[PDB]
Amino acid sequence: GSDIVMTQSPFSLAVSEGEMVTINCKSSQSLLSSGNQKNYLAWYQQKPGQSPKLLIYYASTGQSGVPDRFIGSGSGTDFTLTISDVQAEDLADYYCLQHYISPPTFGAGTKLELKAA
């Protein structure tokens, strides 16, 4: 009951190569730090047969080696992960993670599948 709740949508998604993908995460509480001016939110990608990998932290900052197609945006309680020019390699599960107040909590996830264009 006390925990911060991550509502992630959509649950499943299949699109064609080159199209743009929108994943939404909504939080029951603002994740913005008043002193840091940063949003305590991250995005994870789990390709099949692999461990989860960090894509984006502090809402909009990409990890090294993450292609520019991945754009995180949002502030406060509403956040968005964007993938443009989606590639075959983007086949994975995607999770949002808040860590404004412990325990850190994950969204339910988004399964992304790709089709030919």
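Start at 1 with the first residue shown and count on from there.
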task: Compare the mean C-alpha B-factor of 88-96 with that of 28-36 as given in the PDB entry, and name the stretch with the higher value.
output: 28-36
task: By the entry's C-alpha temperature factors, tell me which of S60, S64, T80, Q45 sits highest.
output: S64
- request: Could you tell me which third, lowest, middle or highest, the C-alpha B-factor of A117 occupies within its chain?
  value: highest
message: Where does the C-alpha B-factor of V5 rank in its chain, lowest, middle or highest third?
response: lowest
- request: Within this chain's modelled residues, let me know which third the CA B factor of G18 belongs to: lowest, middle or highest.
  value: middle
